[PDB]
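Student: Have a peek at run_7.pdb (PDB, C-alpha atoms (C1' of nucleotides)).
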```
ATOM      1  CA  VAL A  29     -92.691  31.367   0.996
ATOM      2  CA  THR A  30     -89.237  29.814   0.672
ATOM      3  CA  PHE A  31     -87.510  27.252  -1.540
ATOM      4  CA  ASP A  32     -86.034  24.460   0.592
ATOM      5  CA  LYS A  33     -84.205  21.408  -0.721
ATOM      6  CA  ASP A  34     -85.447  19.025   1.983
ATOM      7  CA  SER A  35     -89.119  19.475   1.065
ATOM      8  CA  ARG A  36     -88.481  18.974  -2.653
ATOM      9  CA  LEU A  37     -86.394  15.848  -2.010
ATOM     10  CA  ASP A  38     -89.119  14.515   0.296
ATOM     11  CA  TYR A  39     -91.772  15.098  -2.373
ATOM     12  CA  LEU A  40     -89.787  13.816  -5.368
ATOM     13  CA  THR A  41     -88.076  10.808  -3.758
ATOM     14  CA  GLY A  42     -91.410   9.528  -2.446
ATOM     15  CA  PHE A  43     -94.562   8.932  -4.522
ATOM     16  CA  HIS A  44     -94.323   5.279  -3.454
ATOM     17  CA  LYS A  45     -94.231   5.244   0.352
ATOM     18  CA  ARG A  46     -97.275   7.535   0.409
ATOM     19  CA  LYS A  47     -99.271   5.193  -1.836
ATOM     20  CA  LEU A  48     -98.508   2.126   0.284
ATOM     21  CA  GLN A  49     -99.332   4.080   3.449
ATOM     22  CA  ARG A  50    -102.716   5.014   1.972
ATOM     23  CA  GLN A  51    -103.281   1.387   0.952
ATOM     24  CA  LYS A  52    -102.457   0.193   4.477
ATOM     25  CA  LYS A  53    -104.856   2.719   6.004
ATOM     26  CA  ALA A  54    -107.654   1.684   3.636
ATOM     27  CA  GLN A  55    -107.014  -2.015   4.300
ATOM     28  CA  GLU A  56    -107.109  -1.597   8.080
ATOM     29  CA  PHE A  57    -110.271   0.517   7.800
ATOM     30  CA  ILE A  58    -111.893  -2.255   5.744
ATOM     31  CA  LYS A  59    -110.853  -4.836   8.345
ATOM     32  CA  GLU A  60    -112.319  -2.714  11.152
ATOM     33  CA  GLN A  61    -115.586  -2.260   9.246
ATOM     34  CA  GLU A  62    -115.798  -6.017   8.658
ATOM     35  CA  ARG A  63    -115.292  -6.773  12.355
ATOM     36  CA  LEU A  64    -118.004  -4.245  13.210
ATOM     37  CA  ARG A  65    -120.598  -5.590  10.770
ATOM     38  CA  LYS A  66    -119.780  -9.044  12.161
ATOM     39  CA  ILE A  67    -120.483  -7.991  15.751
ATOM     40  CA  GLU A  68    -123.812  -6.366  14.839
ATOM     41  CA  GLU A  69    -124.667  -9.579  12.975
ATOM     42  CA  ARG A  70    -123.953 -11.395  16.247
ATOM     43  CA  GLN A  71    -126.274  -8.930  17.987
ATOM     44  CA  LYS A  72    -129.104  -9.659  15.556
ATOM     45  CA  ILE A  73    -128.636 -13.422  15.952
ATOM     46  CA  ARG A  74    -128.585 -13.313  19.758
ATOM     47  CA  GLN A  75    -131.701 -11.126  19.833
ATOM     48  CA  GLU A  76    -133.564 -13.504  17.512
ATOM     49  CA  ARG A  77    -132.637 -16.503  19.669
ATOM     50  CA  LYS A  78    -133.613 -14.734  22.899
ATOM     51  CA  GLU A  79    -136.950 -13.643  21.426
ATOM     52  CA  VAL A  80    -137.852 -17.130  20.205
ATOM     53  CA  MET A  81    -136.890 -18.593  23.596
ATOM     54  CA  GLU A  82    -139.096 -16.096  25.447
ATOM     55  CA  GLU A  83    -141.982 -16.786  23.059
ATOM     56  CA  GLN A  84    -141.573 -20.534  23.614
ATOM     57  CA  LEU A  85    -141.710 -20.042  27.384
ATOM     58  CA  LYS A  86    -144.776 -17.799  27.079
ATOM     59  CA  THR A  87    -146.676 -20.262  24.887
ATOM     60  CA  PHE A  88    -145.762 -23.184  27.163
ATOM     61  CA  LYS A  89    -147.078 -21.241  30.169
ATOM     62  CA  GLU A  90    -150.582 -21.222  28.667
ATOM     63  CA  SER A  91    -150.411 -24.965  27.979
ATOM     64  CA  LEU A  92    -149.403 -25.526  31.612
ATOM     65  CA  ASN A  93    -152.790 -24.453  33.000
ATOM     66  CA  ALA A 144    -126.162 -13.741  64.302
ATOM     67  CA  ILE A 145    -127.780 -13.899  67.752
ATOM     68  CA  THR A 146    -125.670 -13.627  70.904
ATOM     69  CA  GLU A 147    -126.969 -15.083  74.175
ATOM     70  CA  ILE A 148    -125.465 -14.258  77.576
ATOM     71  CA  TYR A 149    -125.410 -16.722  80.473
ATOM     72  CA  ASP A 150    -124.852 -16.252  84.207
ATOM     73  CA  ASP A 151    -121.089 -16.887  83.874
ATOM     74  CA  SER A 152    -120.593 -13.822  81.617
ATOM     75  CA  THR A 153    -119.984 -16.271  78.750
ATOM     76  CA  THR A 154    -121.754 -15.495  75.476
ATOM     77  CA  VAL A 155    -122.747 -17.921  72.718
ATOM     78  CA  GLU A 156    -123.068 -16.734  69.114
ATOM     79  CA  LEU A 157    -125.644 -18.578  66.999
ATOM     80  CA  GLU A 158    -125.843 -17.937  63.253
ATOM     81  CA  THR A 159    -127.946 -19.842  60.744
ATOM     82  CA  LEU A 160    -126.163 -21.171  57.662
ATOM     83  CA  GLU A 161    -127.356 -21.779  54.099
ATOM     84  CA  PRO A 162    -125.937 -24.968  52.542
ATOM     85  CA  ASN A 163    -128.104 -24.712  49.404
ATOM     86  CA  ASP A 164    -127.013 -21.533  47.622
ATOM     87  CA  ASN A 165    -129.550 -22.152  44.836
ATOM     88  CA  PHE A 166    -132.301 -20.500  46.893
ATOM     89  CA  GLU A 167    -130.454 -17.171  46.909
ATOM     90  CA  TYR A 168    -129.606 -17.418  43.203
ATOM     91  CA  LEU A 169    -133.221 -18.080  42.196
ATOM     92  CA  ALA A 170    -134.436 -15.337  44.549
ATOM     93  CA  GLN A 171    -132.015 -12.830  43.012
ATOM     94  CA  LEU A 172    -133.030 -13.834  39.480
ATOM     95  CA  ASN A 173    -136.685 -13.332  40.400
ATOM     96  CA  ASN A 174    -135.862  -9.983  42.024
ATOM     97  CA  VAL A 175    -133.996  -8.683  38.971
ATOM     98  CA  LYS A 176    -136.815  -9.917  36.720
ATOM     99  CA  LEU A 177    -139.237  -7.942  38.899
ATOM    100  CA  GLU A 178    -136.935  -4.908  38.730
ATOM    101  CA  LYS A 179    -136.777  -5.006  34.927
ATOM    102  CA  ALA A 180    -140.518  -5.717  34.687
ATOM    103  CA  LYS A 212    -117.129  12.318  -8.441
ATOM    104  CA  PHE A 213    -117.278  14.928 -11.193
ATOM    105  CA  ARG A 214    -117.378  13.645 -14.770
ATOM    106  CA  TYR A 215    -116.609  15.736 -17.830
ATOM    107  CA  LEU A 216    -119.056  14.797 -20.588
ATOM    108  CA  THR A 217    -122.570  13.387 -20.831
ATOM    109  CA  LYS A 218    -123.111   9.790 -19.722
ATOM    110  CA  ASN A 219    -124.067   8.707 -23.250
ATOM    111  CA  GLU A 220    -121.072  10.520 -24.755
ATOM    112  CA  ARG A 221    -118.849   9.141 -21.986
ATOM    113  CA  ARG A 222    -119.967   5.593 -22.806
ATOM    114  CA  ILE A 223    -119.338   6.075 -26.534
ATOM    115  CA  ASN A 224    -115.884   7.529 -25.843
ATOM    116  CA  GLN A 225    -115.052   4.670 -23.470
ATOM    117  CA  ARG A 226    -116.055   2.069 -26.065
ATOM    118  CA  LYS A 227    -114.081   3.864 -28.792
ATOM    119  CA  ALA A 228    -111.032   3.879 -26.515
ATOM    120  CA  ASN A 229    -111.530   0.245 -25.474
ATOM    121  CA  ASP A 230    -111.933  -1.374 -28.900
ATOM    122  CA  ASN A 231    -108.616   0.077 -30.116
ATOM    123  CA  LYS A 232    -106.696  -2.180 -27.715
TER     124      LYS A 232
ATOM    125  CA  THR B 155    -105.778  30.823 -10.498
ATOM    126  CA  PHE B 156    -102.958  29.615 -12.763
ATOM    127  CA  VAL B 157    -104.033  27.206 -15.517
ATOM    128  CA  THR B 158    -101.203  25.808 -17.624
ATOM    129  CA  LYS B 159    -100.445  22.954 -20.010
ATOM    130  CA  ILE B 160     -97.425  20.731 -19.347
ATOM    131  CA  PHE B 161     -95.899  18.050 -21.551
ATOM    132  CA  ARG B 162     -95.491  15.055 -19.254
ATOM    133  CA  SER B 163     -91.820  14.129 -18.892
ATOM    134  CA  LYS B 164     -89.151  13.486 -16.264
ATOM    135  CA  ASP B 165     -89.381  17.161 -15.205
ATOM    136  CA  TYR B 166     -93.138  17.140 -14.540
ATOM    137  CA  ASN B 167     -93.073  16.590 -10.766
ATOM    138  CA  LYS B 168     -90.806  19.585 -10.092
ATOM    139  CA  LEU B 169     -93.321  21.958 -11.683
ATOM    140  CA  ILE B 170     -96.078  20.410  -9.560
ATOM    141  CA  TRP B 171     -93.964  20.875  -6.426
ATOM    142  CA  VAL B 172     -93.301  24.532  -7.275
ATOM    143  CA  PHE B 173     -97.005  25.115  -7.948
ATOM    144  CA  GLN B 174     -97.835  23.519  -4.591
ATOM    145  CA  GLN B 175     -95.313  25.899  -3.033
ATOM    146  CA  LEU B 176     -97.054  28.927  -4.573
ATOM    147  CA  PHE B 177    -100.667  27.684  -4.551
ATOM    148  CA  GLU B 178    -103.009  26.285  -1.928
ATOM    149  CA  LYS B 179    -104.450  23.556  -4.192
ATOM    150  CA  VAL B 180    -102.746  22.212  -7.327
ATOM    151  CA  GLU B 181    -104.429  19.566  -9.461
ATOM    152  CA  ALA B 182    -103.935  18.219 -12.982
ATOM    153  CA  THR B 183    -106.407  16.744 -15.453
ATOM    154  CA  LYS B 184    -106.929  15.850 -19.110
ATOM    155  CA  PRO B 185    -110.116  17.237 -20.664
ATOM    156  CA  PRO B 186    -111.787  15.048 -23.303
ATOM    157  CA  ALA B 187    -111.148  17.733 -25.936
ATOM    158  CA  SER B 188    -107.432  16.957 -25.708
ATOM    159  CA  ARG B 189    -106.672  13.805 -27.682
ATOM    160  CA  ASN B 190    -105.670  10.773 -25.628
ATOM    161  CA  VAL B 191    -102.546  10.125 -27.719
ATOM    162  CA  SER B 192    -101.159  13.552 -26.783
ATOM    163  CA  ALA B 193     -98.944  13.796 -23.704
ATOM    164  CA  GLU B 194    -100.237  17.253 -22.744
ATOM    165  CA  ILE B 195    -101.847  17.605 -19.311
ATOM    166  CA  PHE B 196    -103.715  20.689 -18.063
ATOM    167  CA  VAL B 197    -102.881  21.535 -14.441
ATOM    168  CA  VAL B 198    -104.717  24.248 -12.513
ATOM    169  CA  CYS B 199    -103.622  25.945  -9.308
ATOM    170  CA  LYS B 200    -106.043  27.778  -7.014
ATOM    171  CA  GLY B 201    -105.399  29.735  -3.842
ATOM    172  CA  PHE B 202    -102.331  31.824  -4.615
ATOM    173  CA  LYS B 203    -100.359  32.294  -1.406
ATOM    174  CA  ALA B 204     -98.994  35.700  -2.535
ATOM    175  CA  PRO B 205     -95.826  35.833  -0.402
ATOM    176  CA  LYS B 206     -94.474  39.166   0.776
ATOM    177  CA  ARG B 207     -90.885  38.042   0.054
ATOM    178  CA  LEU B 208     -90.915  35.442  -2.711
ATOM    179  CA  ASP B 209     -87.687  33.537  -3.257
ATOM    180  CA  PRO B 210     -86.174  34.414  -6.658
ATOM    181  CA  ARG B 211     -84.190  31.171  -6.491
ATOM    182  CA  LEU B 212     -87.512  29.301  -6.365
ATOM    183  CA  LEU B 213     -88.511  30.525  -9.845
ATOM    184  CA  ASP B 214     -85.017  30.221 -11.353
ATOM    185  CA  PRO B 215     -84.840  27.318 -13.852
ATOM    186  CA  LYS B 216     -81.141  26.806 -13.065
ATOM    187  CA  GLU B 217     -82.021  25.005  -9.816
ATOM    188  CA  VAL B 218     -85.715  24.108 -10.188
ATOM    189  CA  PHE B 219     -84.670  21.286 -12.541
ATOM    190  CA  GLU B 220     -81.766  20.141 -10.353
ATOM    191  CA  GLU B 221     -81.061  16.483 -11.061
ATOM    192  CA  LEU B 222     -81.849  13.975  -8.334
ATOM    193  CA  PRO B 223     -78.946  12.378  -6.433
ATOM    194  CA  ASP B 224     -78.066   8.755  -7.094
ATOM    195  CA  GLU B 237     -73.799 -10.480 -15.108
ATOM    196  CA  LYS B 238     -74.014  -8.123 -18.101
ATOM    197  CA  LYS B 239     -74.555  -5.016 -15.991
ATOM    198  CA  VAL B 240     -76.862  -2.282 -17.248
ATOM    199  CA  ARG B 241     -75.318  -0.163 -19.994
ATOM    200  CA  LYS B 242     -73.588   2.745 -18.269
ATOM    201  CA  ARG B 243     -75.170   5.736 -20.030
ATOM    202  CA  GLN B 244     -75.747   7.956 -16.975
ATOM    203  CA  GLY B 245     -72.387   9.723 -17.081
ATOM    204  CA  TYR B 246     -69.839   9.767 -14.284
ATOM    205  CA  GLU B 247     -69.533  11.330 -10.840
TER     206      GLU B 247
ATOM    207  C1'   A C   1    -108.607   3.085 -20.841
ATOM    208  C1'   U C   2    -104.695   6.761 -21.834
ATOM    209  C1'   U C   3     -99.971   9.332 -21.068
ATOM    210  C1'   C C   4     -94.886   9.822 -19.083
ATOM    211  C1'   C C   5     -89.981   7.194 -15.937
ATOM    212  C1'   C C   6     -86.477   2.961 -15.593
ATOM    213  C1'   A C   7     -84.961  -1.860 -17.191
ATOM    214  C1'   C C   8     -85.313  -5.673 -21.415
ATOM    215  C1'   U C   9     -86.005  -7.311 -26.219
ATOM    216  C1'   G C  10     -84.323  -9.570 -33.962
ATOM    217  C1'   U C  11     -89.970  -4.813 -33.777
ATOM    218  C1'   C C  12     -86.086  -2.421 -36.459
ATOM    219  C1'   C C  13     -80.935  -0.667 -38.427
ATOM    220  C1'   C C  14     -79.908  -5.846 -41.038
ATOM    221  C1'   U C  15     -79.947  -9.802 -41.665
ATOM    222  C1'   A C  16     -77.353 -14.569 -40.745
ATOM    223  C1'   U C  17     -77.104 -19.921 -38.834
ATOM    224  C1'   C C  18     -79.198 -24.718 -36.990
ATOM    225  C1'   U C  19     -83.292 -28.545 -35.934
ATOM    226  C1'   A C  20     -87.996 -30.531 -36.921
ATOM    227  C1'   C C  21     -91.861 -30.603 -40.492
ATOM    228  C1'   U C  22     -92.807 -29.793 -45.485
ATOM    229  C1'   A C  23     -91.685 -29.925 -50.783
ATOM    230  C1'   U C  24     -89.096 -33.635 -54.958
ATOM    231  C1'   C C  25     -88.157 -38.328 -57.537
ATOM    232  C1'   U C  26     -89.036 -43.782 -57.651
ATOM    233  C1'   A C  27     -92.459 -49.038 -57.331
ATOM    234  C1'   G C  28     -97.842 -49.772 -57.017
ATOM    235  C1'   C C  29    -102.798 -47.502 -56.977
ATOM    236  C1'   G C  30    -105.337 -43.497 -58.989
ATOM    237  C1'   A C  31    -109.685 -38.827 -59.624
ATOM    238  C1'   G C  32     -67.213 -30.950 -20.664
ATOM    239  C1'   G C  33     -71.190 -29.826 -16.823
ATOM    240  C1'   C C  34     -76.196 -29.802 -14.467
ATOM    241  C1'   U C  35     -81.825 -31.257 -13.160
ATOM    242  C1'   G C  36     -85.473 -35.420 -13.234
ATOM    243  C1'   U C  37     -85.816 -40.700 -14.181
ATOM    244  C1'   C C  38     -84.214 -45.991 -15.398
ATOM    245  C1'   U C  39     -80.537 -50.175 -16.089
ATOM    246  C1'   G C  40     -79.376 -53.762  -8.013
ATOM    247  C1'   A C  41     -74.513 -49.951  -6.920
ATOM    248  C1'   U C  42     -69.696 -48.004  -9.564
ATOM    249  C1'   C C  43     -68.261 -47.825 -14.820
ATOM    250  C1'   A C  44     -70.920 -47.157 -19.107
ATOM    251  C1'   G C  45     -75.404 -45.851 -21.306
ATOM    252  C1'   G C  46     -81.138 -45.021 -22.627
ATOM    253  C1'   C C  47     -85.263 -41.212 -22.085
ATOM    254  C1'   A C  48     -87.030 -36.124 -21.079
ATOM    255  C1'   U C  49     -88.596 -32.820 -29.354
ATOM    256  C1'   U C  50     -79.919 -30.359 -28.414
ATOM    257  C1'   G C  51     -84.223 -31.665 -21.370
ATOM    258  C1'   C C  52     -81.124 -27.295 -19.640
ATOM    259  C1'   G C  53     -60.918 -29.095 -20.948
ATOM    260  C1'   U C  54     -57.713 -33.099 -17.017
ATOM    261  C1'   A C  55     -60.674 -39.665 -18.451
ATOM    262  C1'   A C  56     -61.698 -44.935 -15.845
ATOM    263  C1'   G C  57     -58.688 -46.922 -11.893
ATOM    264  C1'   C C  58     -55.283 -46.776  -8.043
ATOM    265  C1'   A C  59     -52.589 -44.421  -4.158
ATOM    266  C1'   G C  60     -51.924 -40.649  -0.105
ATOM    267  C1'   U C  61     -51.961 -40.533   6.230
ATOM    268  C1'   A C  62     -53.535 -34.727   3.903
ATOM    269  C1'   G C  63     -59.222 -34.985   4.308
ATOM    270  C1'   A C  64     -66.528 -32.361   6.532
ATOM    271  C1'   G C  65     -67.777 -36.226   8.824
ATOM    272  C1'   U C  66     -69.633 -41.838  10.105
ATOM    273  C1'   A C  67     -67.751 -45.688  13.177
ATOM    274  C1'   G C  68     -63.326 -48.865  17.625
ATOM    275  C1'   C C  69     -60.319 -47.329  23.124
ATOM    276  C1'   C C  70     -59.743 -43.245  27.616
ATOM    277  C1'   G C  71     -50.807 -44.437  21.260
ATOM    278  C1'   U C  72     -54.828 -46.571  18.669
ATOM    279  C1'   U C  73     -60.008 -50.972  13.779
ATOM    280  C1'   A C  74     -62.629 -49.508   9.860
ATOM    281  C1'   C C  75     -66.101 -46.393   6.261
ATOM    282  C1'   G C  76     -65.317 -41.565   4.198
ATOM    283  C1'   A C  77     -67.464 -37.050   0.860
ATOM    284  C1'   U C  78     -63.870 -33.273  -0.832
ATOM    285  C1'   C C  79     -58.421 -32.316  -2.076
ATOM    286  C1'   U C  80     -53.640 -33.833  -4.119
ATOM    287  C1'   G C  81     -50.519 -37.289  -7.953
ATOM    288  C1'   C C  82     -50.248 -40.585 -12.047
ATOM    289  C1'   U C  83     -52.837 -36.271 -16.005
ATOM    290  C1'   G C  84     -52.590 -30.239 -21.224
ATOM    291  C1'   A C  85     -54.545 -36.225 -19.643
ATOM    292  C1'   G C  86     -58.999 -38.771 -22.030
ATOM    293  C1'   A C  87     -62.098 -38.467 -26.142
TER     294        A C  87
END
```
Write the structure described by the file as structure tokens, please.
Tutor:
Amino acid sequence: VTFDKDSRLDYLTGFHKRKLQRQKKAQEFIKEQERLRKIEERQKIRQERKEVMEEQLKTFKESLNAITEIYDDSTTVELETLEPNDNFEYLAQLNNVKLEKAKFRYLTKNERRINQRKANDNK
Amino acid sequence: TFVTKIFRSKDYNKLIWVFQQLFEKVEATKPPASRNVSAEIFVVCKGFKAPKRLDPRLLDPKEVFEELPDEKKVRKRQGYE
RNA sequence: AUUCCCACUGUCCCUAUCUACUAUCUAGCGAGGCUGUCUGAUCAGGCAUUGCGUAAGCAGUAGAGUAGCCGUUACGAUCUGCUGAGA
């Protein structure tokens, strides 16, 4: 080992930047944990709403009951059917995907409490 | 393991730094047997590094305790440059 | 909760001064400046438990800026002089 001035100056002159750095890290960790617990709360809420909607639908169900054609002039005509109502495809795809898916402390606790009270009442 | 008792003062951090230099873990405490009013603190150091070539200048008190560099102004009682 | 570092302090060395309140007797009975605010504005003052050294007025062509023309109305903080004055 060696004795170096830079390390001792870094250790002695600090004691304050390190504490605020630790506080910043703890604060940002707490913020991250809060955002997490919030998003899993969102997950629970969305699942509850989806489940009640599906149950409502289920219980209401029971209460219910390019061609090309060539001519003699070597001219070809291309005929393709068109779909103005796109809702048919959207409903068909929804039905298809639905089918696919389906610390250490020194003394005793009693002695520690007595000592703490005896220290507290003096002030 | 080196277990020692230090009177807390302005020269308490330098001893801790030196212990950290020579030991892998250095930690202080105050056992309940020691009275609260006393300024003594018991610091232990575990994991001696055991250098092959220790620096004699590291254990010399002449430079271990080297002083740190620096309207009714504050009373000038810190000497001169 | 405790211990050390710096800064401050009538806690102390070591007391001193002021204000308010109190206590006493008597007649009767009887166990210069500043903040806020107000006098319409200056000037001059009141209040806020002392709230916390150059007067008023006039003048200058000097004067941050407001307000008339493409040499020039007016208002004007601040500064200078009367002014070691005023009280």
Student: Using the chain letters and numbers from the file, give me the residues hit by the PyMOL selection byres ((chain A) within 8 of (chain C)), as a ChimeraX atom specification.
Tutor: /A:225,228-229
Student: What would the list of residues within 12 Å of (-85.7, 1.7, -15.4) (file frame) look like as a PDB file with C-alpha atoms (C1' of nucleotides), in the frame of the given file, if all atoms listed in the file are what count?
Tutor:
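So result-v1.pdb came out as:
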```
ATOM      1  CA  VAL B 240     -76.862  -2.282 -17.248  1.00  0.00           C
ATOM      2  CA  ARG B 241     -75.318  -0.163 -19.994  1.00  0.00           C
ATOM      3  CA  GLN B 244     -75.747   7.956 -16.975  1.00  0.00           C
TER       4      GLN B 244
ATOM      5  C1'   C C   5     -89.981   7.194 -15.937  1.00  0.00           C
ATOM      6  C1'   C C   6     -86.477   2.961 -15.593  1.00  0.00           C
ATOM      7  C1'   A C   7     -84.961  -1.860 -17.191  1.00  0.00           C
ATOM      8  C1'   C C   8     -85.313  -5.673 -21.415  1.00  0.00           C
TER       9        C C   8
END
```
Student: Within 6 Å of range 199-207 of chain B, counting all atoms listed in the file, which residues qualify if same-chain residues fewer than 6 places away don't, as a PyMOL selection string?
Tutor: (chain A and resi 29) or (chain B and resi 155-156+176-180)
Student: Residues of chain A that have any atom at most 7 Å from an atom of chain B: could you tabulate them with the shortest-distance atom pair and the distance in Å to one decimal, using all atoms listed in the file, ordered by chain and increasing number, as a Markdown table?
Tutor:
```
| residue | atom | partner | partner_atom | distance |
| --- | --- | --- | --- | --- |
| A:29 | CA | B:205 | CA | 5.6 |
| A:30 | CA | B:209 | CA | 5.6 |
| A:31 | CA | B:212 | CA | 5.2 |
| A:36 | CA | B:171 | CA | 6.9 |
| A:40 | CA | B:167 | CA | 6.9 |
```
Student: Write a file of the selected residues as a PDB file, keeping the file's coordinate frame, keeping C-alpha atoms.
Tutor:
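And here's part-v9.pdb as it stands now:
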```
ATOM      1  CA  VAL A  29     -92.691  31.367   0.996  1.00  0.00           C
ATOM      2  CA  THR A  30     -89.237  29.814   0.672  1.00  0.00           C
ATOM      3  CA  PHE A  31     -87.510  27.252  -1.540  1.00  0.00           C
ATOM      4  CA  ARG A  36     -88.481  18.974  -2.653  1.00  0.00           C
ATOM      5  CA  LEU A  40     -89.787  13.816  -5.368  1.00  0.00           C
TER       6      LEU A  40
END
```
Student: In Å, rounded to a single decimal, give me how far CA of residue 215 in chain A is from CA of residue 194 in chain B.
Tutor: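 Between these atoms lies a distance of 17.2 Å.
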Student: Which value, in Å to one decimal, gives the distance between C1' of residue 84 in chain C and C1' of residue 55 in chain C?
Tutor: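 Separating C1' of residue 84 in chain C from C1' of residue 55 in chain C is a distance of 12.7 Å.
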Student: Tell me, as a PyMOL selection string, which residues lie within 12 Å of residue 42 in chain C, counting all atoms listed in the file; anything in the same chain fewer than 2 positions away does not count.
Tutor: chain C and resi 40+44+56-57
Student: To one decimal place, how far is CA of residue 164 in chain B from CA of residue 46 in chain A in Å?
Tutor: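 CA of residue 46 in chain A lies 19.5 Å from CA of residue 164 in chain B.
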Student: Please evaluate the PyMOL selection byres ((chain C and resi 48) around 9) against the displayed coordinates and give the resulting residues as a PDB file with C-alpha atoms (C1' of nucleotides), in the frame of the given file.
Tutor:
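Result file follows (result.pdb):
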```
ATOM      1  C1'   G C  36     -85.473 -35.420 -13.234  1.00  0.00           C
ATOM      2  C1'   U C  37     -85.816 -40.700 -14.181  1.00  0.00           C
ATOM      3  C1'   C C  47     -85.263 -41.212 -22.085  1.00  0.00           C
ATOM      4  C1'   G C  51     -84.223 -31.665 -21.370  1.00  0.00           C
TER       5        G C  51
END
```
Student: Please identify every residue of chain B that has at least one atom no more than 8 Å from any atom of chain C, counting only C-alpha atoms (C1' of nucleotides), and report them as a ChimeraX atom specification.
Tutor: /B:162-164,190-193
Student: Write out as a ChimeraX atom specification each polymer residue whose atoms come within 12 Å of residue 87 in chain C, counting all atoms listed in the file; drop sequence neighbours fewer than 4 positions from it.
Tutor: /C:32,53-55
Student: Counting only C-alpha atoms, which of B:237, B:183, B:159, B:169 gets nearest to residue 213 in chain A?
Tutor: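 When distances to residue 213 in chain A are compared using only C-alpha atoms, the smallest one comes from B:183.
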Student: Output, as lines of an AutoDock Vina configuration file, the centre and edge lengths in Å (one decimal) of the axis-aligned box that contains all listed atoms of range 214-244 of chain B with 8 Å of margin on each side.
Tutor:
```
center_x = -79.7
center_y = 9.9
center_z = -13.2
size_x = 28.1
size_y = 56.7
size_z = 29.6
```
Student: Starting from the displayed file, determine the output of the PyMOL selection byres ((chain A and resi 155-166) around 6) and express the residue list as a PyMOL selection string.
Tutor: chain A and resi 144-147+154+167-169
Student: Extract, using only C-alpha atoms (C1' of nucleotides), all DNA, RNA and protein residues at most 7 Å from residue 182 in chain B, discarding same-chain residues fewer than 2 positions from it, and format them as a list in words.
Tutor: residues 195, 196, 197 and 198 of chain B
Student: With N, CA, C and O atoms as the goal, would you fill in the gaps in range 202-213 of chain B and present it as an mmCIF file, in the frame of the given file?
Tutor:
```
data_model
loop_
_atom_site.group_PDB
_atom_site.id
_atom_site.type_symbol
_atom_site.label_atom_id
_atom_site.label_comp_id
_atom_site.auth_asym_id
_atom_site.auth_seq_id
_atom_site.Cartn_x
_atom_site.Cartn_y
_atom_site.Cartn_z
ATOM 1 N N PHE B 202 -103.675 31.265 -4.587
ATOM 2 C CA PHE B 202 -102.331 31.824 -4.615
ATOM 3 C C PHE B 202 -101.950 32.338 -3.233
ATOM 4 O O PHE B 202 -102.699 33.093 -2.608
ATOM 5 N N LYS B 203 -100.774 31.923 -2.756
ATOM 6 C CA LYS B 203 -100.359 32.294 -1.406
ATOM 7 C C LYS B 203 -99.921 33.750 -1.328
ATOM 8 O O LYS B 203 -100.031 34.369 -0.264
ATOM 9 N N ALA B 204 -99.429 34.310 -2.438
ATOM 10 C CA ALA B 204 -98.994 35.700 -2.535
ATOM 11 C C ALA B 204 -98.012 36.053 -1.423
ATOM 12 O O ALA B 204 -98.357 36.808 -0.507
ATOM 13 N N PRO B 205 -96.790 35.525 -1.461
ATOM 14 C CA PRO B 205 -95.826 35.833 -0.402
ATOM 15 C C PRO B 205 -95.370 37.283 -0.458
ATOM 16 O O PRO B 205 -95.326 37.907 -1.520
ATOM 17 N N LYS B 206 -95.027 37.818 0.718
ATOM 18 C CA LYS B 206 -94.474 39.166 0.776
ATOM 19 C C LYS B 206 -93.047 39.197 0.244
ATOM 20 O O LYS B 206 -92.649 40.158 -0.427
ATOM 21 N N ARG B 207 -92.263 38.158 0.529
ATOM 22 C CA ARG B 207 -90.885 38.042 0.054
ATOM 23 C C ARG B 207 -90.744 36.692 -0.640
ATOM 24 O O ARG B 207 -90.340 35.703 -0.023
ATOM 25 N N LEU B 208 -91.082 36.655 -1.926
ATOM 26 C CA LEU B 208 -90.915 35.442 -2.711
ATOM 27 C C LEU B 208 -89.436 35.183 -2.970
ATOM 28 O O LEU B 208 -88.634 36.109 -3.108
ATOM 29 N N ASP B 209 -89.077 33.905 -3.032
ATOM 30 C CA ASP B 209 -87.687 33.537 -3.257
ATOM 31 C C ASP B 209 -87.388 33.531 -4.749
ATOM 32 O O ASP B 209 -87.938 32.705 -5.491
ATOM 33 N N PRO B 210 -86.528 34.434 -5.230
ATOM 34 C CA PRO B 210 -86.174 34.414 -6.658
ATOM 35 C C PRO B 210 -85.520 33.117 -7.087
ATOM 36 O O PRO B 210 -85.675 32.701 -8.241
ATOM 37 N N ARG B 211 -84.791 32.461 -6.181
ATOM 38 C CA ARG B 211 -84.190 31.171 -6.491
ATOM 39 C C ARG B 211 -85.233 30.074 -6.660
ATOM 40 O O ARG B 211 -84.916 29.017 -7.215
ATOM 41 N N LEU B 212 -86.464 30.298 -6.196
ATOM 42 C CA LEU B 212 -87.512 29.301 -6.365
ATOM 43 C C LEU B 212 -88.042 29.283 -7.793
ATOM 44 O O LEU B 212 -88.473 28.232 -8.275
ATOM 45 N N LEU B 213 -88.024 30.425 -8.477
ATOM 46 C CA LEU B 213 -88.511 30.525 -9.845
ATOM 47 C C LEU B 213 -87.383 30.523 -10.869
ATOM 48 O O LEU B 213 -87.635 30.762 -12.054
#
```
